[PDB]
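Visitor: model this:
(8 chains, ligands or ions: 4)
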Amino acid sequence: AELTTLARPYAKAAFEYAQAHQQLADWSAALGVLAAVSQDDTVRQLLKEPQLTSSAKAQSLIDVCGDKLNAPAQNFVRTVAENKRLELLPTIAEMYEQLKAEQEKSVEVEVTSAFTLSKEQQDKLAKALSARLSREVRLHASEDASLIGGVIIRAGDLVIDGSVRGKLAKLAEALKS
Amino acid sequence: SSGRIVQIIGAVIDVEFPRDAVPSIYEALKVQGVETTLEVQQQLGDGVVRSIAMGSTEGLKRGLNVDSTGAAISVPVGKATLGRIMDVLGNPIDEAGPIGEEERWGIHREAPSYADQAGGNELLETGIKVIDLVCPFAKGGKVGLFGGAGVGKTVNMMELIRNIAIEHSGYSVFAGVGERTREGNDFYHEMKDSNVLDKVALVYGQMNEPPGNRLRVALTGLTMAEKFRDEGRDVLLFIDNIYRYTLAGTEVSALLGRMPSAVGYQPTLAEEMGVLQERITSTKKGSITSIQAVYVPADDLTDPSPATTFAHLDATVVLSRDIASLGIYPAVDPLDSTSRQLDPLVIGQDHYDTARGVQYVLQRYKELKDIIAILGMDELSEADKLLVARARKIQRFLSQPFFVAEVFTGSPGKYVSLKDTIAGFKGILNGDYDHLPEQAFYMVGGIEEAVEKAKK
Amino acid sequence: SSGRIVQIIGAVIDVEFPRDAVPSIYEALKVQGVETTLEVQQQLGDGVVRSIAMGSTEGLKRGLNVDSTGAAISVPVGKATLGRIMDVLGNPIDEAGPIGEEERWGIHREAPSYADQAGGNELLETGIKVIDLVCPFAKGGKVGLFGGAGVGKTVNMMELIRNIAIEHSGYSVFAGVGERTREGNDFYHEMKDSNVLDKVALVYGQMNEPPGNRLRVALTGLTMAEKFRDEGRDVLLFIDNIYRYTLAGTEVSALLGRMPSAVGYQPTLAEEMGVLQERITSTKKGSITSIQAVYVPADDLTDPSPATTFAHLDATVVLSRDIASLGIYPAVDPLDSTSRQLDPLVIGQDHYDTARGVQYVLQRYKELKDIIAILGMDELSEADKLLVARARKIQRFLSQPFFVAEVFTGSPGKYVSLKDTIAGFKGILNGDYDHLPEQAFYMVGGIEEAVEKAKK
Amino acid sequence: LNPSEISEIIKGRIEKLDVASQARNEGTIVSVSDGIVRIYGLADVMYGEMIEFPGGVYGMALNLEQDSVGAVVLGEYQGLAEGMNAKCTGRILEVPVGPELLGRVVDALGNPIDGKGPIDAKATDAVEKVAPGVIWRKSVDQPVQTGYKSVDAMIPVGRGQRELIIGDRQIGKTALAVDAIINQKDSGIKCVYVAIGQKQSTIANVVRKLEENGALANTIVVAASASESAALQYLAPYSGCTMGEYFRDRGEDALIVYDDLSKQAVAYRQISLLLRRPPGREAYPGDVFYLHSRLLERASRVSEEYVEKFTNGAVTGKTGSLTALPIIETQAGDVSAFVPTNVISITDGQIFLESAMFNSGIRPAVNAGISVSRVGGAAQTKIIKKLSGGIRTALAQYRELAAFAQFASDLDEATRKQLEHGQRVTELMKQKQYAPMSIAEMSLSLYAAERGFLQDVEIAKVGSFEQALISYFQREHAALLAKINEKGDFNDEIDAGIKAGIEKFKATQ
Amino acid sequence: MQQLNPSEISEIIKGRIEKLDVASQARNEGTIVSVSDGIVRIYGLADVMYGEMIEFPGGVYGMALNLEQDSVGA
Amino acid sequence: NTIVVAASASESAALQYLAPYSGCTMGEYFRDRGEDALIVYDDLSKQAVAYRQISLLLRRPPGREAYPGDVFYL
Amino acid sequence: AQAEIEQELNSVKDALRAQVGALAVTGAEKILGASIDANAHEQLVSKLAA
Amino acid sequence: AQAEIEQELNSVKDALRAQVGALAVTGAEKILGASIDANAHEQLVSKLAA
Ligand SMILES: Nc1ncnc2c1ncn2[C@@H]1O[C@H](COP(=O)(O)OP(=O)(O)OP(=O)(O)O)[C@@H](O)[C@H]1O
Ligand SMILES: Nc1ncnc2c1ncn2[C@@H]1O[C@H](COP(=O)(O)OP(=O)(O)O)[C@@H](O)[C@H]1O
Ligand SMILES: Nc1ncnc2c1ncn2[C@@H]1O[C@H](COP(=O)(O)OP(=O)(O)O)[C@@H](O)[C@H]1O
Ligand SMILES: [Mg+2]
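Guide: Numbers count the residues shown, from 1 in each chain, chains lettered A, B, ... in the order given. Ligands and ions are numbered 1, 2, ... in the order given. Provided below are the atomic coordinates:
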């Protein structure tokens, strides 16, 4: 199955508890540190040994994180380990942020341009995107010399291409016919 | 509170609802913008329900809102349904305006109790020689017409509709389940032109329709017949093809996450038939006389669907491709066909002995098939030669020109009484017609017509 | 960039590559430090691809580096391939050193488009009397070859290889699909002793090679034939056994875990046959004609493999054990052999009447031979006795001396034109040669040679 | 021949081009296996929508799961790879439609393959649709002449009927259906020929025969050869059906031939097994009946009210129709097999071709004993309807007595005359390929046999007598043949005119 | 990766975040997780025997037949 | 003059699957040294049955009569 | 024969319009000469178009 | 007809070389509604060098 199909129940349970107790910020840090720690090459190896029991894998991961996990977050790691799903931690953190972003009415937007775009232009783009998405947009600008001009915006599955590269492809498709 | 579509695969749709507002099984749901109706079938847990669409799923997408209606699919019932055509959801499809019902009934209901069952053996004359002889029907009983493709299930059911409507004055219900759309149009205009339409309720879910419609249309037609039965009336229920209801369940079973049983059928095959078949019954309040056409896949009578259907019927009529290939119609097999009414205490010793005598001769002729194919009739004993000659006359005398079949041959239809049926076969068995040529008995209504045909 | 072996299960190997460097479907991969080649079959996701090894996997281990070649399995093409034996990958399997190719082509491509079809139906003159008269071959057609063993199958292939090269300036390719190593060696020496080896390219996919090798050899031989077709030539492609190509697909499909179809064949049975057979056609530049030996499982012509193969065949040549016993060569049955071009609209009325005339006389002689055997020659009339005499002359005139059979027959080989063939049989049927003895027609090129032989 | 002011059209393309940015809904390919692709993303994709991939390749969405989309590739899948882009098109699976398709050869998606340039179609329509309901249909009562004596006399076909052509391989199934298309060139009926799983060389020969006979300008050819993707072979019948429905919905008449529905079923079984769906009898999918029944239900006759409603009043007082001639191949003549039995349960009758008849020199090969038309008796023209009643019974008497010809010289007068008549009707029913007969020509052959004018003619000369009699009426009675050909009417004046001509023929030619 | 087991439901997981203790629910009690075709999957019911009777809200009775590690199919 | 290689009914299926290859290897010793040898495999059907068992327990995909895709190659 | 001659000509006219003329997609070289001033106009155009 | 077009093909193939520049410049000013003044100075080298 897709890792997203298996991490949905755990991400939803952690989000409902964090929301009901007003701990939304705390759990973003706990899940983020568990995700990062579970992917380091010595922890990645310890979480695959055949002689360790589920409780020892959970305890080892709890001791490494230490103070970056409250009592509820420790009960959650013990639950994920007992159900044999510690490989889902990076995906659980990713899905928890999606639920939190839609709760706070915010959207993460990726932007690529031919040349560096100034703060005035970034805010001008953000204003329009916020109006159509009816969400607080957070832009992540980046450079791509492949484009000969313009910008390409992407927010989830929505893709708006204003780059002259895309315009040159449309011109080609209309003349090759 | 509304839910949202989370998955779409063919006719099956998964919808997520709040944990405190999950719809019940068989509850009807509606997609907000498209107005497509869905029937809940399973509760998967975590607020998700699995449902079957009662229409086309082309153009639907994930994330669409769905409303729960608080009840099962409900259809109009009573006098307002007579002379009108309806779809699976109970909508009018005859362009004659809205239905004027006083009440609506849910299509899912429990079968009548053991204490509500009605006992009865009153003989029903069909006017068809082979049926009236070896597999007689009874008022308020169930009849099944078993047969492969092209052998005659519809022609025989249309002749039975024509002949039974002569002595029946009550209401009728006809359910078109997974059959030709043209056959529905032909029957509708025939009744409209004959002025018989105001006594019949019509329900249609033909071959063009999606799996959800073909899976529930049989329940919609039966729900209308149950209203008339419970009003204390005697009603006729005709089902165009009961096998299509089972097949629609097979098309959807894998999508519902069920493991396949023998030859790919749903694991619930027998339960799906039992839940439908027990509702089609006569009770102490009123009676339902029913005739059902039963399709046989690849001519194999041992197939799980036909095999599971025999146990639900009072009279079993089996049609055969071999008999139809010899030009003998209606094409009923007298050795495979049977009825519970073929009892000396119900039909009397004269009819019973005549039917038994016909089956004995045909069974003995069947055993001689390979001997006759390799060496011919001349090597048989004088007793076997006499029996073969009578068997060949009996096979031909079982043939009959039907009124609905007049379009295929120009030959006038014939109606034969039970008295004339018993007299003809008894005379052939006793040897009163040993001098007539066997071609004199082919396509003749009564034994007198065989005597006249022999003079040509 | 290179990948790493992550899993090995028999002949199936899974390789992991960087996310931006995943190889394409059918791309050839090379294991570092070993001669093992892998062909990509499926892309599993996460940079992992599933492949089939083109050799033994014994001694391979997880973590070995794998290099992508950037293209499908590429084989040597052109004149450099004639008189050499090669494997599925185009490597020479004889000890005669490296092939001197100037060009290499990938084994996977689309069939010639609708617009590339040559158009008019043209016959391929084989120079063999029985084939050219009773079962004519169309240019770009597929011929099914039937019969046992020890009936002249190799000698017929060698004669066809000689005639296309010497009389039509063409070339031949032999694809040994599931070839027996003993028979592959014997055949190579028989062609060398018969001086036909320099006129044919040999590709062997031996029985002891993995399923992927046996499956792809047909495409390797076909790719070599496509190069010769594009040089403006008419080419012959021989497939050792088309049944083994079907089985190799079933074996590979089972290794890849696909759900099996009716009778256990791969679900892709009809498509795999179509991908191979649709490239063998007549195009505007030249043509590829194919002779394919066919095996029928359990003698059942309705089995999915024979039934799928027969949809593509244009002619059927049946070799007979009984005809070979009479000393008549080639031992082809004029009554069991068939051809789709044996139609008056395709070959004209004169050729059609002559061929049907020969078949009618031979069919009637077969019947008269049973009467002579059971009742004696005195039962036959003067017209029947004359017909028996003509049938014996026709039957002997179908025999012919081959240039590759000079060792067996002693006499020099003969190439017979279609014009000479039609004129000879037409004259015998008309009775123009009824004065000559039957022995004058045996082992002669044309009717003229029979007239001259009768004076000795 | 090539002016520079024509190749300058590029300026018009650049002037018409719109370079404004537009929002697209996208995804990324995750895996690729045997023509099936898994995609991550595409949240706005609809069930049955066309998905666009690089290099001009298209796919169809069939599995809308919570976390991914499963799509079947509509063509060659070997060029697709993990990480490639996928885009929603906002369009359900569609094909071009209209008169611009007449005389063209196209692939299953409507792209031209004949090399004659683009198709200037002004409209498109959905490939998958539910056929019109019970109240919108009309009874079949207009004829469709195939041009064959045996078929038009014993198995009549009407406008809007579904008539199955069934038999073993290589016995004239394609010949009968292509000759039926060729005979429509002057009838006003437009034709569609769908070739499923056929060899490219066979398709090219059928197109050559359509133009040699002048029928190509009235026919649309849809091709999905033996090497095309199983997705296109499974979809080709629905594309052809959609192109044929264009005429039905507009108050016109059309004819469609599905050269092999059994090849369409084999293509659908492949996709279903690759998707791991549980198989049934002969390993076919549970929905194999729904595959053909949904296709063949569209072939129909629609009432004037349906045409008036569909055209928004532009077409008034005209019915529309789509006639279908599906073809099925049976192994070893077995009619009891699963797929043949399913299509017999869907169609309005069938023409059975017998292998023993075909090999015995009776090339038409129509098995009258089992072949039948459920709705053609009401559609047959008056002259052929009145003369054909005795033809059917005469062949039955022949089948029962045919083996006795070796000893029939020593039988009773009645049996001898029944056999002698059955032999003459059997010989008369033979006909060559690409040689169709008009209502008047078929009427002469049927009249001569039904009225007993063949009793003194030997079996070896019945064919010679027929060709001579037709040739004679064409010069001596041209006005009578022209009258019969108008509408196939049969009054006392026409009956008297025919016997007078046959009697003068027998007495002088 | 194994498919999502019947007890891997957001409510069951959330219940364990608040208290890991199994004894917080009596071994004699459980909760319906799924209802399909005459088969009910229950979470809990730790002291159930093979063939034991289960009382459901409303007078309906069921019988244990699959005593699995996380659920009981009845 | 004979070498006898035995893999009895009670021995591990791996040994029964390998026995023909072991006996063939002992016979090939003479072939490669310019000598003649004769080998008898008393039941190739029993070797196939042993290989089918190993393949099914290793969870490899089955074909006709439950044999693995490589039974011809064996 | 005359219809086949027109089909040949239009295939050449289209092949010339596709091989040559469509070579104008090299307008990327003209567009390669763009700078930050022009980029600002394209960002304003993109912003006005969502 | 095939020989007649071979002759002409050569003439027109050279005539087209005078138009590809204007087509490409029309394409460049189509992509963005600016720089039509600047393009005219680089045109002389660019047309050939494309
Ligand atoms: N009426 C006829 N008179 C003479 N020959 C005929 C006639 N009808 C068909 N044939 C011949 O029969 C042969 C096979 O016909 P056809 O190709 O139509 O059969 P088919 O069943 O459709 O074959 P296939 O299964 O390959 O599609 C051809 O040679 C054709 O010319
Ligand atoms: N008496 C009869 N005369 C002629 N045909 C008959 C007769 N009885 C049955 N048939 C045949 O029955 C067939 C229709 O029945 P069938 O196909 O079994 O029913 P359904 O319409 O339910 O599929 C037609 O082919 C028709 O010719
Ligand atoms: N044309 C022929 N003339 C004489 N003998 C022939 C001829 N063709 C075949 N034979 C005989 O048949 C034998 C076997 O032929 P061959 O082609 O090798 O058949 P197969 O491959 O099936 O074993 C030859 O060795 C030869 O004795
Ligand atoms: Mg055909």
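
Visitor: quickly find the element holding the residue in chain G positioned nearest to ligand 1.
Guide: Closest to ligand 1 within chain G is residue G:4: 26.4 Å, counting by Cβ to the nearest ligand atom. In this view, the C-beta of every residue, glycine as well, is placed from N, C-alpha and C. Secondary-structure assignment from DSSP states H and E places residue G:4 in helix G:2-19.

Visitor: just to revisit the earlier point, tell me, how many residues neighbour the residue of chain G closest to ligand 1?
Guide: When neighbours are defined as other Cβ atoms under 10 Å in any protein chain shown, residue G:4 has 9 of them.

Visitor: once you drop chain neighbours, what's closest to the spatially most central residue of chain G?
Guide: For chain G, residue G:25 is the residue whose C-alpha lies nearest the centre (Cα atoms, centre = their mean; 4.4 Å). Distance criterion Cβ to Cβ, 6 or more residues apart in numbering or on different chains; nearest residue to residue G:25, sequence neighbours excluded, is residue A:172 at 4.9 Å.

Visitor: relative to chain F, how far out is that neighbour?
Guide: Look at residue A:172 and chain F: by Cβ to the nearest Cβ, to the nearest Å, they are 46 Å apart.

Visitor: any idea how many residues pack against residue B:31?
Guide: For residue B:31, using other Cβ under 10 Å, the count is 20.

Visitor: re earlier: correct me, but the residue nearest to residue G:25 touches residue G:26?
Guide: No: at 10.6 Å, residue A:172 does not count as touching residue G:26 under the criterion of Cβ atoms under 8 Å.

Visitor: count of neighbours near the nearest residue to residue B:305 once chain neighbours are set aside?
Guide: Nearest residue to residue B:305 in three dimensions, chain neighbours excluded: residue B:246, at 5.1 Å (Cβ to Cβ, 6+ apart). With neighbours defined by other Cβ under 10 Å, the count for residue B:246 comes to 26.

Visitor: just residue B:183 next, same as before
Guide: Neighbour tally, residue B:183, other Cβ under 10 Å: 18.

Visitor: which ones are touching it?
Guide: B:154, B:176, B:240 (Cβ atoms under 8 Å, 6 or more residues apart in numbering or on different chains).

Visitor: dump those to JSON lines, plus secondary structure, distance to ligand 1 and neighbour count.
Guide: As requested, the contacts of residue B:183 are exported to JSON lines (DSSP: H, G, I helix; E, B strand; the rest coil; distance: Cβ to the nearest ligand atom, whole Å; neighbours: other Cβ atoms under 10 Å in any protein chain shown):
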{"residue": "B:154", "secondary structure": "helix", "distance to ligand 1": "30", "neighbour count": "19"}
{"residue": "B:176", "secondary structure": "strand", "distance to ligand 1": "35", "neighbour count": "27"}
{"residue": "B:240", "secondary structure": "coil", "distance to ligand 1": "34", "neighbour count": "27"}
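
Visitor: just checking: which of these also lie near chain H?
Guide: Filtering the contacts of residue B:183 for proximity to chain H by Cβ under 8 Å from any Cβ of the partner chain leaves nothing.

Visitor: what is the nearest of these to residue D:260?
Guide: Of all the contacts of residue B:183, residue B:154 has the smallest distance to residue D:260: 27.8 Å, by Cβ to Cβ.

Visitor: which residues touch residue B:46?
Guide: Residues counted as contacts of residue B:46 (Cβ under 8 Å, 6+ apart) are A:9, B:19, E:9, E:10, E:11.

Visitor: that older thread, redo the contacts of residue B:183 as a markdown table? Include distance to chain D.
Guide: Listed next are the contacts of residue B:183 as a markdown table, based on distance: Cβ to the nearest Cβ, whole Å:
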| residue | distance to chain D |
| --- | --- |
| B:154 | 10 |
| B:176 | 8 |
| B:240 | 12 |
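
Visitor: that older thread, give me the distance between the residue of chain G closest to ligand 1 and residue C:443.
Guide: 50 Å (Cβ to Cβ, to the nearest Å).

Visitor: how about residue B:450?
Guide: From residue B:450 over to residue C:443 the distance is 71 Å, taken as Cβ to Cβ.

Visitor: cool, residue A:136 as well?
Guide: 98 Å.

Visitor: these two: who's more crowded?
Guide: Relative neighbour count places residue C:443 above the other of residue A:136 and residue C:443, with 20 against 12, counting by other Cβ under 10 Å.

Visitor: am I right that the more buried one is in contact with residue C:400?
Guide: Yes: using Cβ under 8 Å, residue C:443 is in contact with residue C:400, at 7.1 Å.

Visitor: report whether stretch E:6-21 contacts chain B.
Guide: Yes: applying Cβ under 8 Å from any Cβ, one finds stretch E:6-21 touching chain B at E:6, E:9, E:10, E:11.

Visitor: may I see the buried residues of that stretch?
Guide: The neighbour-count check on stretch E:6-21 (16 or more other Cβ atoms under 10 Å in any protein chain shown) flags E:6, E:7, E:8, E:9, E:10, E:11, E:12, E:13, E:14, E:15, E:16, E:17 as buried.

Visitor: for the last one, give me phi and psi.
Guide: This means residue E:17. Per-residue torsions, residue E:17: phi -60, psi -50 (degrees, to the nearest 10).

Visitor: what's around residue B:298, how many residues?
Guide: Count around residue B:298 with other Cβ under 10 Å applied: 17.

Visitor: wasn't residue D:30 part of a strand?
Guide: Yes: using DSSP: H, G, I helix; E, B strand; the rest coil, the secondary structure at residue D:30 is a strand.

Visitor: can you tell me which residues contact it?
Guide: Here residue D:30 is in contact with C:45, D:38, D:39, D:40, D:68, D:82 (Cβ under 8 Å, 6+ apart).

Visitor: does the third one lie in a helix or a strand, and which?
Guide: Spelled out, that is residue D:39. With DSSP H and E as criterion, residue D:39 is part of strand D:36-41.

Visitor: next helix or strand past that strand?
Guide: Counting by DSSP H and E, what follows strand D:36-41 is strand D:49-52.

Visitor: may I have that following strand as CSV, with CA atoms only?
Guide: Presented in CSV, the C-alpha positions along strand D:49-52 are these (Å, rounded to 0.1, in the frame of the first residue of the first chain):
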residue,chain,number,x,y,z
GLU,D,49,-11.2,11.5,-17.9
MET,D,50,-8.3,11.7,-20.5
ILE,D,51,-4.9,12.2,-18.8
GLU,D,52,-2.1,13.9,-20.9
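
Visitor: hmm, it touching chain A?
Guide: No: using Cβ under 8 Å from any Cβ, strand D:49-52 never reaches chain A; the gap is at least 11.3 Å.

Visitor: partner strands of that strand, with direction?
Guide: strand D:58-64 (antiparallel), strand D:85-92 (antiparallel) (DSSP bridges).

Visitor: return the most buried member of those.
Guide: Of all those, strand D:58-64 carries the top mean neighbour count, a mean of 21, counting by mean count of other Cβ atoms under 10 Å in any protein chain shown.
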